[PDB]
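Protein chains in written order, with the working numbering: chain A, 170 to 410; chain B, 8 to 238; chain C, 465 to 707; chain D, 4 to 199; chain E, 5 to 230; chain F, 538 to 781; chain G, 8 to 211; chain H, 16 to 265. All C-beta atoms in this analysis are idealised placements derived from N, C-alpha and C, irrespective of residue type, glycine included. See below for the structure under consideration.
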Amino acid sequence: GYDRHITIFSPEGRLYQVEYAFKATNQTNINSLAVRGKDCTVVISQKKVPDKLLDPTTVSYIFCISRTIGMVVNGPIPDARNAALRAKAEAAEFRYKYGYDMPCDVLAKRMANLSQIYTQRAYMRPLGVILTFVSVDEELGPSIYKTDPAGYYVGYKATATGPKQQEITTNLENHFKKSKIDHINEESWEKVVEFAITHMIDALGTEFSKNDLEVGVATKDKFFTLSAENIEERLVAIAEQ
Amino acid sequence: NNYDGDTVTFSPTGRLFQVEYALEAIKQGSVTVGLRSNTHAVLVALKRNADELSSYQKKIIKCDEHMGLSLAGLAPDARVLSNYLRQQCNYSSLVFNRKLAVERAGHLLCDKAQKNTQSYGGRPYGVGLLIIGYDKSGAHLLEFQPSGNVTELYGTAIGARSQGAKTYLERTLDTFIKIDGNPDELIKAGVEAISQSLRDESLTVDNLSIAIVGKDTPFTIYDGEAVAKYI
Amino acid sequence: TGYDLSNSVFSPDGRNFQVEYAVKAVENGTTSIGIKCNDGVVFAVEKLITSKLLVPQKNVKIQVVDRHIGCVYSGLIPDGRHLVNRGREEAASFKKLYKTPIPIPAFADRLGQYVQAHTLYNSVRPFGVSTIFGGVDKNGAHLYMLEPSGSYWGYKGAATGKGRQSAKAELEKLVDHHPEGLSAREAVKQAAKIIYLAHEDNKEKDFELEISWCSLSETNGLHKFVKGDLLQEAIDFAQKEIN
Amino acid sequence: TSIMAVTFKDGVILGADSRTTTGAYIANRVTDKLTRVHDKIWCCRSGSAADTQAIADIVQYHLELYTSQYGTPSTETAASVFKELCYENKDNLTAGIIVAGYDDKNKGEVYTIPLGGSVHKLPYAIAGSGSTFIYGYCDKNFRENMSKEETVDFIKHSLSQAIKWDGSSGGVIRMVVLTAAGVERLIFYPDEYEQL
Amino acid sequence: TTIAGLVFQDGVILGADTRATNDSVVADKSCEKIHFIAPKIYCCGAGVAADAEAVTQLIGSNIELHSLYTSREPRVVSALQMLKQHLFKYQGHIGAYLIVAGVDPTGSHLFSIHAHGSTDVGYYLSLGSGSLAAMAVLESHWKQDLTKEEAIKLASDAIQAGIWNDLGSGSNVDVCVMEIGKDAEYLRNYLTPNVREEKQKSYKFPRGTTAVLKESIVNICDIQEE
Amino acid sequence: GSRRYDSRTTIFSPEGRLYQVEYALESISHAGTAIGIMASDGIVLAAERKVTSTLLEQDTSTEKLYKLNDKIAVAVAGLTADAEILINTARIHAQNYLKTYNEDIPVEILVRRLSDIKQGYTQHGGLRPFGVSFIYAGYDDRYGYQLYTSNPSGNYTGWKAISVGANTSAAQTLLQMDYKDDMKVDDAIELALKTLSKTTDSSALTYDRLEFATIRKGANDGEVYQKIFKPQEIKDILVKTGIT
Amino acid sequence: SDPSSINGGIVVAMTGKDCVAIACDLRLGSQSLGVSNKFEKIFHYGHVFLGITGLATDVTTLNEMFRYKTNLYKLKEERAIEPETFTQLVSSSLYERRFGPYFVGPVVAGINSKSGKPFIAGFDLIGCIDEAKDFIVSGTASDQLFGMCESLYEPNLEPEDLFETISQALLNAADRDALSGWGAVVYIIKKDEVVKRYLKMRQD
Amino acid sequence: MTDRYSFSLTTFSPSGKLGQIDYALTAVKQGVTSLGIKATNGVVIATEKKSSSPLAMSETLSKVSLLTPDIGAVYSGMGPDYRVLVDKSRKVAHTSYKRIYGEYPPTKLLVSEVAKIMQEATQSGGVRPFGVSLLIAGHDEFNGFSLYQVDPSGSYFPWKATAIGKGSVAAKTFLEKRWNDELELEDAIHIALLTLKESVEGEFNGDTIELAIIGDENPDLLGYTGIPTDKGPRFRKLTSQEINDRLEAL
Ligand SMILES: *[C@@H](CS(C)(=O)=O)[C@H](Cc1ccc(CN)cc1)NC(=O)[C@H](COC)NC(=O)[C@H](CC(C)C)NC(=O)c1cnc(C)s1
Ligand SMILES: [Cl-]
Ligand SMILES: [Mg+2]
Ligand SMILES: [Mg+2]
Ligand SMILES: [Mg+2]
Ligand SMILES: [Mg+2]
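Written out as C-alpha cells, the structure reads:
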C-alpha cells in the first residue's frame with residue numbers, strides 16, 4: 170500500500186496524500202472568514218493563544234504578501250510561512266519583470282500551480298494549508314481567491330475555512346440569498362468588519378473579546394491588519410446596537 | 008528494527024539506530040587511553056594483530072606538530088577524518104599563520120560527522136577518536152564519537168574493556184593532573200591505566216603504542232623498543 | 465500502516481510521524497530555558513556531569529550568532545550545531561546585503577524555513593532539537609523557541625528538554641507576579657533557580673549551570689556569557705531557594 | 004547632469020535638472036532623474052541611463068521584498084543595496100547614484116555612491132557633470148539645519164549655476180521633498196531660475 | 005528611418021516611414037516599421053531592422069502568453085519592462101531603437117527605448133536618422149489636448165519632415181492610431197507622396213533576344229505515379 | 538529515502554529474463570494485429586485498428602501505419618504514444634544521415650538505431666521500456682526490399698513475412714503455409730487481408746477497421762512509391778479480393 | 008577577408024502574371040581564381056525555390072539545413088511547405104545565429120498552391136525579410152542588379168516575356184562584376200509547371 | 016533536499032497493464048461530463064460548470080480554454096492537472112511552432128505536442144500521469160475543422176463527435192443516433208445541449224453550462240483593423256445569455 174505514502178494514483182483514481190494534507194489543514198482548530206464590501210475586502214480569523222508564556226503579538230495566521238495583497242492561512246504555521254515567503258517572492262518578482270503589481274487572482278493561480286506540482290511530483294509533499302488571498306484589485310475590484318493542497322483555486326463572493334466552515338458558509342449563503350447581491354453594500358470598511366465579526370458570532374455561537382480575533386482589511390492600494398484596540402472599537406460598536 | 012535500514016530514519020522513541028550501530032563498531036575495537044596534565048597530553052593505545060605472522064594495526068595518527076589522535080573502530084574512517092584534520096590544521100597555518108585550537112578541531116570533526124547522520128545514502132563514521140594537543144591555552148584531550156558528540160576531558164578511554172581504564176583515571180584524577188614537567192611519569196600513569204582494560208594478554212614490545220605532545224614537545228609516536236622502557 | 469517509516473509522509477490523521485519522533489529526541493535531552501526581561505533576554509542550560517573526568521566550564525553548549533543573538537538547544541547536540549552554523553550563514557548574508565545586523569524576527573524565520581525544509585523530503589531527517597534563541601535588535605528584546613516541525617513563536621519565557629514541565633510552571637509564576645517586567649540581573653538569578661528546580665527530573669547525575677544574556681543596559685545589546693562573581697551569585701541564589 | 008541631495012531640519016530634499024544628451028543632441032529635455040526606490044527613499048541618477056535605471060529597478064525590487072518580510076528599510080540599508088550592485092559590477096557599470104531618504108528615527112540622510120562603488124554618508128551631496136562648477140558655491144553657502152524654504156533656495160541657486168555652465172545640464176529643475184509630512188514634488192522652469 | 009509618436013486628447017499615435025537601407029542603397033521601399041505587440045500596443049522600430057523585428061516579435065509572443073495566463077489585457081509598461089530588460093542584457097548588441105505606444109486599462113502611454121536598455125516617457129518622441137527633422141516639426145507644432153485630426157496631421161508632418169530632409173528615410177508614411185475605448189486603427193500607406201513617375205520607354209525585349217544553351221522540365225511534384 | 542518505491546525496471550529474473558520486457562511483450566500481445574509481407578516487386582503493410590466506433594473520424598486517423606521517410610514506413614503494435622516518441626526520433630535520424638552523407642539512410646541502419654534506443658531502456662536509467670513492437674517496411678539500393686521487426690528488448694530481425702500484436706502464433710502459421718518466394722505485391726495484398734480476416738477477434742473484417750499500405754518499385758520510371766491507403770481504397774481492395 | 012565576397016555570385020528573382028522567375032550565375036571562385044563553372048545557387052523544396060548567394064560553404068550548409076527542415080515539416084504537416092511559411096522559417100533560422108551568422112543572401116521564390124498568388128522575398132544575413140511585389144536581388148553584383156531590375160522591370164509580364172527581362176537583368180549585371188558570371192540558370196515557375204533554362208554568356 | 020525519484024512510477028504489471036494509466040482513466044471516469052460535436056461549418060465543445068460552492072464565482076473557473084485563436088480545449092477529470100496542461104499547451108504552440116513558422120500550429124500538431132507532454136508523465140522519473148482526458152476542437156486552413164480526444168497515456172484519436180467522463184457511455188450512444196455529415200453549427204449546438212441535459216442533475220442554464228465553438232472568423236473580437244489577412248479568432252465562448260436563448264428553442 171505505497172500508493173498512500175506518495176502522490177500516485179490509488180486504484181479508485183485518488184491521491185491519498187492530497188486528501189491527508191486537507192486534514193492537516195484543520196490541525197490548528199482555527200476558523201477563518203472572508204467577505205467583500207463596495208470598496209474593500211475584509212478577512213477575519215480566530216486567534217487562540219493557549220499558553221500564557223507565548224508573546225501574543227507574534228501569534229498570527231494573517232500575512233501581508235504585498236502592499237495590495239493579504240493572505241490568511243488555515244493550517245500549521247511552518248507550512249503557512251513556507252507559503253507566505255514564496256508568495257512574497259513571487260509577488261515581488263512579478264512586479265520587477267512585468268512592471269505592475271501582481272493581481273490577487275494571478276498570485277492565487279501561481280500558488281495553485283505550485284501546489285499542483287507537489288500532487289504530481291513524488292519527491293515534494295503537498296503543503297497542509299489552505300491559502301485565502303484578498304485584495305482590492307485595480308481591474309476586478311474587491312477580490313477573494315482561495316487555494317488548497319489539490320492545486321484547486323477559485324474566486325469567491327465570500328468564503329469560510331476551518332473545522333466549522335460549513336456553519337459559517339451556510340450563514341453567509343443565507344444572507345446573500347436575502348440581499349441578492351455579490352457583496353456587503355456598505356461604504357466604510359469599519360462596518361464591513363463589523364458585519365464579518367457579527368456573522369461569525371452568529372454562525373459559531375461564541376462571543377469574542379479583543380484578543381480572540383485577528384482582522385485583515387484590504388482597501389485600494391493597501392492591505393493592513395487591525396490592532397487589538399482597533400478590534401475592541403469594532404466589538405464595542407457591535408454590542409451597542 | 009523497522010527503523011534501522013538507513014541513517015535518515017528516527018525510531019518511535021527518537022533514536023538513530025544506524026548511528027548506534029556505528030557506536031557499536033567502536034566497542035569492538037581495541038582499547039586506547041587518553042590523559043593529560045597542565046604541561047603534557049598522552050595517548051596510549053593497545054594495538055591489535057590478526058595473528059602471530061601479522062603486524063599490529065597502527066592506532067595513532069599525527070595531524071600536526073602540536074596535535075594528533077588515536078583511533079578505535081574502522082581504521083579507514085579514522086584515515087578519512089584524520090586527513091580532514093590534517094587539512095584543517097594546514098589551512099589554519101597557511102592562511103592565518105595560526106596553529107589550530109584543539110577545541111576548534113573538535114567542533115570541525117563534530118560537524119563533519121553530523122552531515123553523514125542527517126542525509127540519505129551516506130553512513131555514519133564507524134570510529135571513535137581521542138584527540139590530544141597543546142595549543143595557546145595549554146594541554147587538551149578530546150573524545151570524538153561518530154554521532155557527532157565531541158567532549159573535552161582530563162582523561163578517558165574508548166574501545167573494548169575501556170570501562171576498567173576509565174574508572175582508574177576517575178580515581179587517579181587528582182594525581183595525574185599534577186604531573187607537570189615530567190613526561191615519563193605521565194606516560195607511566197597512562198600505561199598503568201590501559202593495564203586495567205587488559206585480560207589474558209599483557210603489554211609486549213610490539214603490542215604497545217604511546218604518543219605525547221606538550222609545552223616543548225612536538226607530537227611524537229613511540230613504537231617498538233622505544234616503549235620497552237614503560238613495560 | 466508504514467506512514468511513520470518515511471519523512472514528509474502524511475498519515476491519515478494529517479501528521480508527519482517522523483517529526484513527532486524527532487520531538488522524542490528533544491524530550492530526551494537536558495533542560496534548557498529562555499527568559500525575556502525588560503531590555504533583553506537570558507538563556508540558561510543544564511549540563512549533565514557524566515563523569516568527574518569532564519573538564520569544568522569547557523564543554524560550552526550555548527552558542528552565539530552574529531554578535532547580538534544567543535542560541536541554546538535541547539536534544540541531539542550535533543543537530544543544534546548544524547542549525548547554528550546555518551543561522552550564522554543567514555546572519556552573515558543578511559548583514560552583507562542590508563548592512564544592519566539581522567533582526568531577531570527575521571533571523572527566527574531564517575531558521576524556521578530551514579528546519580521546515582527538512583520536513584518536505586524523504587531524503588532528509590528532521591532536526592532532533594528544539595532551539596531557544598533571541599537577542600536585542602532596533603525594536604527591542606525578542607525571545608523565540610523553534611521546534612523540529614519548523615514551528616516557532618515569540619515567548620515571554622521558554623523551556624524545553626526533560627525538565628520542561630517543571631520549568632514552564634516556574635516561568636508561568638514569573639509572568640503572573642511581574643507584569644511590569646523583570647530586570648536583566650533578576651532574570652539571571654531566576655534562570656539559575658529554574659534550572660536547579662528542573663534538575664529534579666535529571667536528579668541521578670549532578671550537573672553544571674551555564675547562563676548567557678543579551679541586555680541593552682548590562683551588555684550594550686551584545687551576547688555575553690555570565691562568568692565569575694555574577695555566575696556564583698546566581699548559583700548561591702539558586703542553592704538558597706531549593707533548600 | 005546636475006543632481007544633489009541636501010539634508011535639513013525637517014528631512015531631506017533631492018534636486019535635479021531634466022536634460023539627457025546623446026553627444027550634443029538633447030535626447031530628452033524633460034527627464035525625471037529623481038527616482039523612487041521606496042515610499043520615502045529616493046535616488047538621483049547620473050552616468051549611463053541604462054545602467055542607473057537597471058540598478059534602480061533592482062533596488063526597488065529588493066526593498067519591496069525587504070518590506071514584505073522585515074518592514075520599512077532604513078536609508079542606510081537602501082544605500083547598501085545600491086553599493087552592493089555598483090561595487091560587485093564595477094567593471095560593467097557607469098553609475099553615480101545619490102541615495103536620499105527620511106526615517107522618523109534618523110530623520111534626513113544622504114549617501115553618495117560614486118563610480119567605484121564606495122559609500123559616503125554626507126550632510127549634502129552633489130554629482131553629475133555639472134556638479135564640478137558648483138563645489139565652490141555649495142561649500143560656501145551650505146549650512147546645517149536649514150528650513151525648507153532655505154534648502155529649496157540653496158538647491159535652486161546651485162543647480163541654476165550648474166545648468167548655466169554645463170551644456171550637459173539644462174531644462175527644468177525638479178525637486179522631491181522628503182519629510183514626516185509626506186512626499187512633495189516641486190518643479191521650477193527656466194524663466195524662474197535663469198534670472199537668479 | 006523616421007519614426008515618431010505623440011499623444012492627443014484620449015489616445016496616442018505612432019508614425020513611421022517605409023524605407024529600409026543597406027549602406028547607400030534602398031533595400032525596401034515598402035517595409036512596415038510599426039510592429040505589432042498586442043491588439044492595442046504597437047512599436048515603432050529603428051536601428052538594425054532584423055533586431056527591431058525580432059525583439060518586438062519575441063516580446064509580443066511573451067505578452068500574448070502573459071495575457072492568456074493572467075486573463076487581462078496586456079499593459080504597455082509590461083511590454084516596456086520586458087523590452088528594456090532584454091535589450092539591457094545584450095548591452096546594445098541588439099541595435100534596436102523603439103517607440104512603444106498603446107492603450108490598456110491604466111490609460112494611454114508613450115515610451116521610447118534605446119538599444120542599451122534606457123527608457124524615456126514623453127508626450128512626443130522621435131527616433132532614427134530622421135529624428136531631428138521630425139522633432140523640429142513636433143517642437144514647433146505640438147500642444148496639449150490635440151484632437152485626433154490634428155494629431156494625425158502632426159504625426160504625418162513629422163514623418164514627412166524626415167522623408168524629404170533625411171536620406172536615411174523615404175517613400176510612404178505609415179500611421180497607427182490608438183484611442184481609449186476604441187479599436188486601434190492601423191493605417192499602412194496613410195500617405196503616398198513618392199510614387200514613381202511613368203517611364204519614357206518600355207524595355208520589354210523581342211522574344212528570342214537571349215541566347216539559350218539548354219532547356220529542361222523540372223520535376224517539382226512528389227512521385228510521378230504509375 | 539526513495540529506494541523503497543523503486544520497481545527496478547532493468548534487472549534480471551532468476552531465470553535470466555528481463556521482467557519489464559516480458560510484461561511489455563504481454564501488453565503488445567493484446568494490441569491490434571499488424572502484418573508485413575515482402576514480395577519481389579514490393580512490400581505490403583496491413584494492420585487492424587483496435588477501437589471500432591462509428592463516430593471515429595477514420596480518414597484523418599492514424600494509429601498503426603506511420604511514414605519515417607519517402608522509402609521507409611512502420612506498422613505499430615502496442616502503446617501509440619510510446620511509438621510516436623520513437624517514430625519522431627527515427628524521422629530525425631533519417632534526416633541526420635541524409636544531411637551528413639547526402640544519401641537516403643539504409644533501412645537496417647535506421648532499424649538498428651531505434652533498436653539500440655529500446656535496448657538502452659532495458660539496461661540503464663531505471664525507466665520503463667517502450668511498450669511497442671514495430672514492423673519496418675523499407676527500400677534501399679543495397680538490399681532492395683526489406684522487412685524487419687523490433688520489440689521492447691531492442692532485438693531486431695529480418696523477415697519475408699511477419700506479424701506482431703494479437704494472435705501472432707495463428708497469423709505466422711497461416712503466412713508460413715501460403716507464402717512463396719516468387720510471390721508478387723497483388724498476391725501479398727490478398728495474403729495479408731486473408732490472414733487478418735481469419736485471425737481477427739471481430740465478427741467480420743471491414744474497411745473502417747483497417748490501415749493498409751504498400752511500398753512499390755512500380756512508380757513512374759523506376760522510383761519507389763509509398764501508398765498509405767485511403768478508407769475508400771481499402772473498401773475497394775476488400776471487394777476485389779472477395780472478403781466483403 | 009569579407010566572407011560574402013570571397014566566392015562571388017548572384018541571384019535575382021521577379022514576379023510576373025501568374026508566375027515567378029528566379030535566376031542565378033554559376034561561378035564559384037577563391038577571390039580572383041575561378042574554380043567551378045557549375046556551382047548552382049538555386050535549390051527547391053517541393054514547389055518553393057530558394058536562391059542563396061554569399062560564402063559557398065554556408066550556401067551548401069543552408070541548403071542541407073532547409074532540406075532537413077522541410078522534409079520533417081512535410082512528414083508532420085502532411086503537405087508541402089508554402090512560400091510565405093518557408094520565408095518565416097528562413098528568417099527564424101538565420102536570426103538564431105544572430106551573433107555568429109551565416110554569410111549569405113537568401114532569396115525565396117514560389118507560387119502559393121492554394122491562392123495561386125506569386126511570391127518572392129529576400130533577406131539580409133541575419134534574417135530581416137524584404138517581401139517585394141516587383142523583384143529581389145542578391146550577391147556581389149546586387150547594385151548592378153538593382154539598376155537593371157529597376158529600369159527593365161514592368162509588372163504583369165507573361166512567363167515568356169519575364170524570361171527575357173530577368174535573363175537580361177542577370178547577364179548585364181554579371182558582366183560588370185569580376186566575381187560573377189561563368190554561366191547562368193533561369194527558372195520560370197508557373198502553378199504546375201517549371202521550366203529551367205541555361206543561358207549562353209561570355210566566359211570571362 | 017534531493018530529487019531521488021529518477022525511476023519510473025508507472026510500470027508494466029505481469030498482465031501487461033500500465034496500472035497508473037488505468038487508474039488515471041478511472042479518475043477521468045469520476046469527472047464531470049464534457050463533450051464535442053463536429054459540424055460542416057464548425058465544432059462545438061461543452062461541459063457542466065459543477066460549482067463546489069454557491070458562494071464560489073463559477074465564472075472565474077474556466078473549464079473551456081482558448082489555446083490558440085483557432086483552437087479550444089475542454090476536459091474531464093482533475094481540474095488542476097488540466098490548468099497546467101493548458102499553460103504548457105499555449106506556450107508550446109509559440110516555442111515549438113509560432114516562433115519558427117510565424118503562424119499558429121494546425122489542430123493535429125498542437126494535439127500531438129500535448130499528447131507528448133502527457134506521454135512523458137507516463138514514462139519519466141518521479142511523476143504520475145495526468146488525471147485528465149482532453150477534448151481539443153480546432154480549425155486550420157489545410158485540414159479544416161477537427162475534434163481530437165487526448166487520454167492520460169498520451170494517445171489521441173480524431174472524432175466526429177464524442178463524450179468523456181461521468182455519463183460518456185450514455186452520451187456517446189445519444190450522439191451516434193443524432194450525428195450526420197450534413198450538420199450545420201447551430202444544429203450541433205442544439206444536439207450538444209440535448210446530450211448534456213441527460214448527464215446534469217440540478218440547474219440547467221447558461222450560468223451552470225460552459226460552451227464554446229470553433230466557427231467563422233470574428234473580426235469584431237480581433238481588437239484592431241488595418242490588416243486584411245488577419246480576420247480574427249474562430250474560437251468563441253458563448254455567453255450566459257446566448258446559451259439561454261437556445262434553451263428556449265430546445
Ligand atoms: C531605419 C534605421 S536608421 C537609418 O538607423 O535610422 C531602418 C529601420 C527599419 C526597421 C524595421 C524594418 C523592417 N521590419 C526595416 C527598417 N533600418 C534600416 O534601414 C537598416 C539599416 O539601418 C542601419 N537596414 C538593415 O538593417 C538591413 C536589412 C534590410 C535591408 C532588410 N541590414 C543590413 O544593412 C545589414 C545587416 N547586417 C549587415 C552585415 S548589413
Ligand atoms: Cl505557474
Ligand atoms: Mg508528492
Ligand atoms: Mg545648460
Ligand atoms: Mg564577369
Ligand atoms: Mg575572368
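*Kindly provide the chain-ordered list of residues whose Cβ lies closer than 6 angstroms to any non-hydrogen atom of ligand 2.*
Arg-279(A), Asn-282(A)
*Going along the chain, which unbroken runs of the beta strand (DSSP E) with 3 or more residues stay wholly within the region 481-522 of chain C?*
496-501, 504-512
*Would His-39(E) be called buried (16 or more neighbouring beta carbons within 10 Å of its own) or exposed?*
buried
*asked:* Which complete beta strand (DSSP E) runs does the region 153-186 of chain H hold, if anything under 3 residues is left out?
replied: 159-165, 171-173, 176-179
*With 8 angstroms as the C-beta to C-beta threshold (strictly closer), list the residues of the region 221-237 of chain H near chain E in chain order.*
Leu-237
_As an exercise, report each continuous beta strand (DSSP E) stretch of at least 3 residues that is fully enclosed by the region 61-111 of chain E, in chain order._
100-108
*Is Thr-583(C) near ligand 3, in the sense that its beta carbon is under 6 angstroms from a heavy atom of that ligand?*
no
*Alpha carbon of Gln-696(C) to alpha carbon of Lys-626(C), nearest angstrom*: 25 angstroms
*Give a yes or no on whether the C-beta atoms belonging to residue 714(C) and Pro-590(C) are separated by under 7 angstroms.*
Since the displayed chain C opens at 465 and closes at 707, residue 714(C) lies outside it and no answer follows.
_I'd like the span of the alpha helix (DSSP H) that includes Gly-94(H), first residue to last._
94-108
*asked:* Measuring only the C-alpha atoms, how far is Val-212(A) from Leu-202(A)?
replied: 6 angstroms
*Mind reading off the beta-carbon distance from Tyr-119(H) to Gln-95(G)? Whole number of angstroms is fine, and I expect it under 8 angstroms.*
Not confirmed; about 12 angstroms, so no contact.
*Kindly confirm or deny that the region 70-77 of chain B and the region 35-54 of chain B touch, where touching means at least three C-beta pairs closer than 8 angstroms.*
yes
*Is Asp-55(E) near ligand 6, in the sense that its beta carbon is under 6 angstroms from a heavy atom of that ligand?*
no
*What residues from chain C crowd round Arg-19(H), counting only those whose CB sits closer than 9 angstroms?*
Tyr-585, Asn-586, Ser-587
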